[PDB]
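# Secondary and tertiary structure notes
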Amino acid sequence: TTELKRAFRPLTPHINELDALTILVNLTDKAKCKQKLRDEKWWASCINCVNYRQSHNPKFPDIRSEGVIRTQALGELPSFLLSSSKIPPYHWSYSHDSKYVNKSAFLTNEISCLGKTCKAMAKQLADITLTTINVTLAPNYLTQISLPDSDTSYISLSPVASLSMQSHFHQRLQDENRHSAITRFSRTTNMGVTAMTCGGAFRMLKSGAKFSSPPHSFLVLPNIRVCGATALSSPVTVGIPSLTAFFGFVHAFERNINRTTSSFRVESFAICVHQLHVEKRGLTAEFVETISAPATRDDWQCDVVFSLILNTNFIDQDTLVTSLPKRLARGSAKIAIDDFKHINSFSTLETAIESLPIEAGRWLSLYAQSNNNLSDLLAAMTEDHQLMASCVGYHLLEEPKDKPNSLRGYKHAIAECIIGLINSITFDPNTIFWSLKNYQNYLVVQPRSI
Amino acid sequence: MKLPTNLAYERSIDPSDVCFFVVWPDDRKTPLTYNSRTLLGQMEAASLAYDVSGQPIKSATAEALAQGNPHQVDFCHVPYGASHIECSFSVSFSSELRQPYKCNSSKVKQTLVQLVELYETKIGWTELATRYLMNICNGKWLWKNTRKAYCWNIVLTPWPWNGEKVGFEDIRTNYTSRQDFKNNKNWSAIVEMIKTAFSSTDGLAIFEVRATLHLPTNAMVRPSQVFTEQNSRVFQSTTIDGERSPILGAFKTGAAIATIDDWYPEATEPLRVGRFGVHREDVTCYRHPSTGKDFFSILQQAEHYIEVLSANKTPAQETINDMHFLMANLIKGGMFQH
Amino acid sequence: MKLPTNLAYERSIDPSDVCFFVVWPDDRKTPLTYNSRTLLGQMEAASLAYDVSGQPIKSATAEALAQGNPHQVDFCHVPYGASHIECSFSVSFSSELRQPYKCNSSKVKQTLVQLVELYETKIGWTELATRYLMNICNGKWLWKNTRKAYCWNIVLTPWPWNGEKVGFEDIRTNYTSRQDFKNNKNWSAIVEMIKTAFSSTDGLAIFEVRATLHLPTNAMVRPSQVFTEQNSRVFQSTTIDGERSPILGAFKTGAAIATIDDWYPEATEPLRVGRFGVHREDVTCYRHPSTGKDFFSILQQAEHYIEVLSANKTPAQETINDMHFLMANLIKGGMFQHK
DNA sequence: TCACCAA
């Protein structure tokens, strides 16, 4: 009875109409005989489980969070990008309490779902309430990101892990001991049913082989060495950190310098990575109220040594160093004191790239190849064993509104990550330089050459 | 004074990882390496001989309990013909304690900001900058490595600086107390960097620290090691050149700079600065919230700490240690919601 | 007295690997080396001649049994023109038994400190520190290399120590018993290091041991060897001058300093110090949990020893040998949880 | 406050 259990549970693909629904009664157990027993408290409580059936799980890192999402990936997006729209959206699950994770197997096992029989149906149809966002931002545990929309005024974004992308990636990466990197979580019945089946292990997408760097108005920041960053760039892939983290680094480097010179305005930024070193370190979370630690998780981290070449609209030494930003995706970023000689600006790209020392790194260029799927990704990850996938932008789920609690007094919408493939150039100057692009339904850090 | 439902600061002190190197006696510097090697110990666990009721178990006889117990550990040691080990990190003090990172209430946002300009006026950053800097200059950030060694030297390299790289030679002998750090040639040129940092709207004060550990022959080193969910002691590592090298964390380091708290009702040892200040030798919470001297029962008294510092009288030690502990948690940062 | 769900100590003795050098007649030192080499033994195993029941396997004829059994071992030996062999490591004694490294019960943490404090007041560190120090000052850490050898000589270099390196020349002849160590020039001064190491809240006492083995012509040296899951003997190794050399495990060297336990019932031979003290020769535990004299049956009577050690009447030999075993485990380390 | 729950 274990293979019948896995076949209805959302991390196995799907599947003579009387054996099924008399098994579906018997998956609330923790047969035809107890299939006859009709508790009025069993029929009314089984309706509560579809009421917390959820599209995108807000409880995915932090099981303390609080909110219900039954919505669809909003919009459409080009071929080289990849979100929870391009994969057919039907693997959904239960995101509520651990009391009802087996009693949710009668009406949420889903090709579609099962969402005095007539009396039950009348209440269910009225409250079925599909396409639902019920999140309040103040007394819970959500991420929050300010990103600029148009010329001025930022938008707050709370990324939420989609369930149809997780169970997609967990199934295709079974046979691959090389492109898969497992993260394990604890107290997994508080997570949801889509985490019970895998047992807590989630089988992410690792960036293939190792990193090896071959020899390779423009302000040059050399040897930005981040010690402990995050490799969880998406809830789906691990590797080099996301490209909204390298953008938010520069637009904190801009926005500090706009205290003195109010028209600085970096246009684009060239990234030259040496020495990734992705690794599972630890994260001792802080004691939180009965006073003990919160739930134990697993965290990947990376130790980047990159160098950065900007593109300015048009400055002392000591103005730059005190106005560097000090965190690149949770990790402390620093320039050594002896490397402060190399912060000088230039005028031509061919001298600015010959200017910086420690030459042996790869510039980041997006692999703009039509893709739609993980097999579309993995096929390009073997012709280039150095191709690394990560998060490139945020795919929204509703339009940004006024909320009573928002990140820094802006308009807030809920987003989801977008996964693209990232090249490496030996050195098309425009293609190398990245910038923030706003799409009425997403926001993606693209190169200039797209 | 009631707390907002959004309150957070960034951290004011920002460390990095600690790399380990090996200095050969021909002054050739090679990064430190390690290996995993399997061992075989006894079968002591107190669960393998005793059951849950505490009664002796009947499966594990005299023979079954003397059998063999193979396990694997990462093993890092100092190479043979080496001389010493150069452990180097870098700090920063950017004064992020000035305004909050996130706050919804503007009445409350005045109260925490007007405490600080009442603090550097009335008490000033002499006391805390004395305390943080006496964790860089001695061997707190080296952790277990300082223990069981011959001698260790510390060398600073500050950034807004002119000449004479600051040296600290032979700790455990010279630099034992507070006054012995003051009697250095340039100690008050460096406390006036942290004081300049916290009191400026943008004051920065980079350091660049480098230790030198003279170990015994062929000795162990103890880096920080990972927290996951086979190998039972997996060290943290970073790629220096082409070698794997054991490091000490960016959070293992910053917990050593911030062991300050001896302001609790019964303080015999300094504790890491945090809400309801915890100890991990004995798993207890000094400054438990029922005692009423935790951090959330000081923000609620932050209004009373404006009429205290506005009085011309010097306030007592009972009610400026709350002011020192209030500052050390705003330096530490973190969400303050309730 | 119950045991907490978190209790642990660190250890108070910290050894290192033992490195082996070849000292030529010109006084120049080269690291030792080894090699794997295949061989051809008989086919003596008794699983190859007799079945589980006892009667012979009929497919193992006379011709079949004598067929040659090829295998492979690592083989280390002294070179031809060599003279002797240096072995060298370093120990610590470092007061980690004063209090638990971790303990989440407040009553138990206060009790185990009062055992360590009433032990040095009433009994003192003279018996333990002598028993550990003899195993440094002979070749107990040169396990089998000492056997089948002409002579070995030990030379200390203690660190909180002014001058006059400590020497032990020609053991097997000179330093046989306890009194032969006490008759040394500077012996009581070194015992006063380990007594001051354990008695202080920062006692440190670093030693630097160096030995000298005069083996016969072209003789055999036996290092420690690895655990593996086709070579049948793989040595543990390091790198000294870019050439791999055999080493004596750091864990192995600490298992030789601490062969102290001979306080068990009907005890003849000193065992390694551990909970329910095992014997690896004949695979059995002395001090079984039914004997009443393992560790966790002496821990759960730790209140009873406080009424004994605090009285003016001197404690009996049964109840100080239970305290010698109790401290020697707190120097060993380990985790003492239950439930 | 406690009875709920998996691979």
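As a further point, take the overall build of chain C. When helices and strands are tallied, chain C shows 8 helices and 15 strands. Projecting the C-alpha coordinates of chain C onto the three principal axes gives extents of approximately 75 × 60 × 35 Å. Within chain C, the fraction of its 339 residues that count as buried is 48%. One way to put it: in chain C the 35 positive side-chain charges average out to a point 2 Å from where the 35 negative ones average out.

What follows is about the packing of helix α2 (residues 126–136) of chain B against helix α4 (residues 191–198) of chain B. All names here are of chain B. Where α2 contacts α4, the two axes come as close as 9 Å, and the packing angle between them is 125°. Taken together, the axes of α2 and α4 lie oblique to each other. Our pair here, α2 against α4, has a crossing hand that is right-handed. Residues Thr 126, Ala 129 and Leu 133 of α2 form the contact with α4, whose own contacting residues are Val 191, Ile 194 and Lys 195.

Listed per partner, the contact involves 38 residues of chain A and 43 residues of chain B. Regarding the contact of chain A and chain B, the summed buried area is about 3,300 Å², with carbon and sulfur atoms giving 53% of it. Together, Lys326(A), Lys334(A) and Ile337(A) form the three largest contributors to the area buried by chain A at its contact with chain B, with a combined 17%. Where chain A meets chain B, there are 3 salt bridges. In this assembly, chain A and chain B are joined by 14 residue pairs in polar contact. For the side of chain A that touches chain B, the secondary structure elements donating two or more residues are β13 (278–281), α8 (317–322) and β17 (331–334) of chain A. Broken down by element, the side of chain A that touches chain B gets its largest block of residues, 4 residues, from α8(A). When its residues are assigned to classes, the side of chain A that touches chain B shows 12 nonpolar, 10 polar and 16 charged.

Another aspect to go through is the arrangement of the chains. The protein chains that touch form 2 pairs of chains, and the pair with the most contacts between them is chains B and C. The closest approach of any C-alpha atom in chain A to one in chain C is 13 Å; the two make no contact.

For the rest of this paragraph, the subject is the protein's contact with DNA strand D. Residue and element names in this part refer to chain A. Around DNA strand D sit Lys 5, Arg 9, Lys 30, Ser 98, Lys 99, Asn 102, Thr 189, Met 196 and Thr 197, and those are all the residues in its vicinity. By atom count, sugar and phosphate contribute 88% of the portion of DNA strand D lying within 4 Å of the protein. Taking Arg 9, its side chain carries an N or O atom lying 2.8 Å from a phosphate oxygen of DNA strand D. The separation between a sugar or linking oxygen of DNA strand D and a polar main-chain atom of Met 196 is 3.4 Å. Looking at the surface near DNA strand D residue by residue, the classes come out as 1 nonpolar, 4 polar and 4 charged.

Where charged atoms of side chains with opposite charge meet at close range, the side chains can pair. Across all of its chains, the model carries 32 salt bridges over all chains by this definition. The partner of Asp262(B) in a salt bridge is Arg131(B), with the nearest N and O atoms 3.3 Å apart. We note a salt bridge from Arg280(B) to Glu281(B), for which the minimum N-O separation is 3.0 Å. Residue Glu281(B) is classed as buried on the basis of its relative accessible area of 17%. Here the residues in one salt-bridge network are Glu127(C), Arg131(C), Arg178(C) and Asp262(C), joined through shared partners.

All names here are of chain A. The sheet built from 6 strands is open, its strands ordered β16-β17-β11-β15-β12-β18 with antiparallel pairing. Edge strands, defined here as strands with exactly one partner in the open sheet, are β16 (327–328) and β18 (362–363). Sheet topology note: the strand β12 (residues 270–274)/β18 ladder contains 2 bridges and is antiparallel. Bridge pairing in β18 places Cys 272 opposite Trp 363.

Another point: the pairing of strand β6 (residues 84–89) of chain C. A regular strand carries its side chains on alternate faces of the sheet. Residue and element names in this part refer to chain C. Taking burial as the measure, the 6 residues of β6 include 6 buried ones, the bulk of the element. Side chains of β6 alternate between two faces, with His 84, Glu 86 and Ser 88 and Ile 85, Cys 87 and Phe 89 buried alike. Relative to β6, strand β2 (residues 18–23) runs antiparallel, the two sharing 5 bridges. Paired with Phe 20 across the bridge in β6 is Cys 87. As judged from the 5 bridges shared by β6 and strand β10 (residues 209–214), these two strands associate in the antiparallel manner. In the sheet register, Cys 87 faces β10, and the bridge partner there is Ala 211.

A separate point is the sheet that holds strand β8 (residues 151–155) of chain B. Residue and element names in this part refer to chain B. The strand order across the open sheet formed by 4 strands is β6-β10-β8-β9, and the pairing between neighbours is antiparallel. In the strand order of this sheet, the two ends are held by β6 (88–89) and β9 (167–171), each with one partner. One ladder, built from 2 bridges, connects β6 with strand β10 (residues 209–214); its direction is antiparallel. Each bridged residue has a counterpart across the sheet, and for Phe 89 the counterpart in β10 is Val 209.

Grouped together as the largest cluster of nonpolar side chains are 92 residues, with contacts concentrated most on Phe93(C), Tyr132(C), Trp141(C), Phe168(C) and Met327(C). Each residue touching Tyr132(C), except ones within four places of it in the same chain, is listed here: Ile13(C), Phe93(C), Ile257(C), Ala258(C), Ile260(C), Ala328(C) and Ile331(C). Among the nonpolar cores identified, the runner-up in size contains 82 residues, and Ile136(B), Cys137(B), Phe295(B) and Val308(B) belong to it.

What follows deals with the interface of chain C and chain B. If you look at the interface, chain C gives 47 residues, while chain B gives 41 residues. Counting each side, the surface lost to burial between chain C and chain B is near 4,000 Å², with a carbon and sulfur contribution of 57%. Interface area lost by chain C to chain B is led by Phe227(C), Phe251(C) and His338(C), which between them contribute 14%. In this structure, the connection of chain C to chain B is made through 6 salt bridges. Of the charged contacts in the structure, one is a salt bridge between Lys332(C) and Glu44(B), with a shortest N-O distance of 3.5 Å. Of the residues that constitute the side of chain C that touches chain B, the class distribution is 18 nonpolar, 15 polar and 14 charged.

We now examine the packing of aromatic side chains. Counted by the stated rule, this structure contains 49 aromatic pairs over all chains. Plain terms: the ring middles of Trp42(A) and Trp43(A) are 5.8 Å apart, the flat faces sit at 75° to each other, and that makes the pair edge-to-face. Exposure remark for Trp42(A): the relative accessible area of 12% places this residue in the buried category. For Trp43(A), a relative accessible area of 28% translates into the label partly exposed. Centroid distance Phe247(A) to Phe269(A): 6.2 Å. Interplanar angle 35°. Geometry classified as tilted. One end of the pair, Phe247(A), is in helix α7 (residues 243–257); the other, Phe269(A), is in the loop between α7 and β12, and 22 residues separate them in sequence. Assigned by exposure class, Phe247(A) and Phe269(A) land together as buried. By the ring-pair criterion, three or more aromatic residues cluster together here, those being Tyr50(B), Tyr9(C), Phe295(C), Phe296(C) and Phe336(C). For the cation-ring pair, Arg37(B) lies above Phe75(B), with the distance from its terminal atom to the ring centre recorded as 3.9 Å. Here the basic side chain of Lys252(B) rests over the ring of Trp143(B), its NZ or CZ set 4.2 Å away from the ring centre.

All names here are of chain C. Where helix α3 (residues 126–137) meets helix α5 (residues 188–199), the closest approach of the two axes is 9 Å, and the angle between their N-to-C directions is 115°. As for how α3 packs across α5, the hand of that crossing is right-handed. Residues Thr 126, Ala 129, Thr 130 and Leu 133 of α3 lie in contact with α5, whose contacting residues are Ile 190, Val 191, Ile 194 and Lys 195.

This part is about the side chain of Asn423(A). Residues and elements named next belong to chain A. Mapped onto the elements of the fold, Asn 423 is located in the loop between β20 (411–422) and α11 (429–432). Within the structure, the side chain of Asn 423 is placed 3.2 Å from the backbone oxygen of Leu 366, a separation counted as a polar contact. Filtering out sequence-adjacent residues up to four positions away, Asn 423 remains in contact with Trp 363, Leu 364, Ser 365, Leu 366, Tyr 367 and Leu 387.

In this section: the environment of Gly242(B). Along the polypeptide, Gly242(B) turns up in the loop between β11 (237–240) and β12 (243–246). Placed 38 residues apart in sequence, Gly242(B) and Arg280(B) show a C-alpha to C-alpha distance of 36 Å.

A separate point is the state of the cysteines. Applying the stated criterion across every chain yields a total of 0 disulfides over all chains. Just so you know, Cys151(C) is unpaired, no disulfide at all, and the nearest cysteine sulfur is the one on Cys87(C), 13 Å from it.

The rules we used
Numbers given to residues start from 1 along each chain, in the order its sequence is written, and need not follow the entry; residues that have no coordinates are not shown. Chains carry letters and ligands carry numbers; both start at the beginning, A for chains and 1 for ligands, and go up in the order they are written. Bear in mind that the chains are drawn from a larger assembly and that all values refer to what is shown. For the side-chain quantities, the full set of heavy atoms in the structure was used; hydrogens and water were omitted. Strands here are runs of E lasting at least two residues and helices are runs of H or I lasting at least four, both read from the DSSP assignment and numbered beginning at the N terminus. Categorising residues by exposure relies on relative accessible area from a 1.4 Å probe, with only protein chains included: less than 20% of the type maximum marks a residue as buried, more than 50% marks it as exposed, and the intermediate range marks it as partly exposed. Charge counting follows a simple rule: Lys and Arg are positive, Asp and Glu are negative, and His as well as the terminal groups are ignored. A charge is said to be at NZ when it belongs to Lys, at CZ for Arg, at CG for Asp and at CD for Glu. Fitting a line to C-alpha atoms yields each axis, with helices limited to the stretch in contact; the angle taken between N-to-C directions then spans 0 to 180 degrees. These descriptions rest on fixed angle ranges, namely under 35 degrees for roughly parallel, over 145 for roughly antiparallel, 65 to 115 for roughly perpendicular, and the rest for oblique. The hand of a helix crossing depends on one turn: near helix anticlockwise from the far one by less than a right angle means left-handed, and clockwise means right-handed. Contacts were defined at the residue level, with two residues in contact if any of their heavy atoms lie within 4.5 Å. Here's the idea: put two parts together, see how much 1.4 Å probe accessible area each one loses, and the total over both is what we call buried area. One speaks of a salt bridge when a side-chain nitrogen belonging to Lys or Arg is within 4 Å of a carboxyl oxygen belonging to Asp or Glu. Polar contact criterion, stated in full: a pair of N or O atoms within 3.5 Å, where within protein one must be able to donate a hydrogen and the other to accept it, and residues adjacent in sequence count only if both atoms are side-chain atoms. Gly counts as polar in this scheme, as do all residues outside two lists: the nonpolar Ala, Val, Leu, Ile, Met, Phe, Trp, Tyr, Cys and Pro, and the charged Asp, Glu, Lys and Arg. In this text, near means that some heavy atom of the residue lies within 4 Å of the molecule or strand in question. What makes two strands pair is DSSP finding at least two bridges between them. Nonpolar cores are built from buried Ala, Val, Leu, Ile, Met, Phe, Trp, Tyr and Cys residues. Side-chain atoms within 4.5 Å join them into one set. When the centres of two rings from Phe, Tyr and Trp lie within 6.5 Å, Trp using its six-membered ring, the rings pair. Their planes under 30 degrees apart give stacked, over 60 give edge-to-face, and anything left gives tilted. Comment: the charge-over-ring label is applied if NZ (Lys) or CZ (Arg) is within 6 Å of the ring centre and within 35 degrees of the ring normal. Only a pair of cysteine sulfur atoms within 2.5 Å qualifies as a disulfide here.

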